[PDB]
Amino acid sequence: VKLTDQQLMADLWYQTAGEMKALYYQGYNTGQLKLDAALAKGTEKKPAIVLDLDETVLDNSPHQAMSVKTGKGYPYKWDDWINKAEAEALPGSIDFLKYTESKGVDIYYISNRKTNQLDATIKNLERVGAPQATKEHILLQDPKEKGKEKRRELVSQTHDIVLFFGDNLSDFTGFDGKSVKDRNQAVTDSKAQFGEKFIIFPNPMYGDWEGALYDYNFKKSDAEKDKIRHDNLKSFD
């Protein structure tokens, strides 16, 4: 079984579809409207926004396409890709970030890139013209650190975080390590937050949605993942 072939359409959409680009504009347009509203309401502490990087601000889809062509899934040559520091900015992202900066609002890029990839991440953020591309504002994941809540909470000590941007539910608080059924119910329960506080972007290529299917154990064979993937489809009879 060529597992990587199973991602082809998802990758192709993400890389070529105008619809995908439109969804990125819709997210950043909505985020800017809500930033303005949050600034007009006012804050107790200095305002901040928090964004994920991969598939939120930086487009890593060329690595996923490399996996389709080679048949070798992530993280094969992921560090090689990160070190190249040539990911393009996703649609609307840079204009929104520059607008946020112009308003005096602090930005924190909270990303599960590893702390030892900081320098390459700064390089990529500089290449695309992302504001505040510094160690102070780029909060990467420690070895053995689970999730992003520690970094979210550190930011909240000194800022009021008015918006979160991400492609993965775990880019928002309260979606860590849940089963498919439980994370899906949590979405329903927090339905009012989406497009309000939590700004979501489309990523059918990879993420916690896939990891949840494997009980977050990625040490599964290609055949085992293939079976789980097939078993979790809901087919019409």
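Each residue number is its position in the shown sequence, starting from 1.
Engineer: Please place residue 123 in the lowest, middle or highest third of its chain by C-alpha B factor as given in the entry.
Structural biologist: Middle third.
Engineer: Sort the modelled residues of this chain by their C-alpha B factor and say whether residue 176 lands in the lowest, middle or highest third.
Structural biologist: For residue 176, the deposited C-alpha B-factor lands in the middle third.
Engineer: Looking at the C-alpha B-factor of residue 206, is it in the lowest, middle or highest third of its chain?
Structural biologist: Lowest third of the chain for residue 206's C-alpha B-factor.
Engineer: Compare the C-alpha B factor of residue 133 with those of the other modelled residues in its chain, then answer lowest, middle or highest third.
Structural biologist: Top third by C-alpha B-factor.
Engineer: Among the modelled residues of this chain, does the Cα B factor of residue 229 put it in the lowest, middle or highest third?
Structural biologist: Answer is lowest: the recorded C-alpha B-factor places it there.
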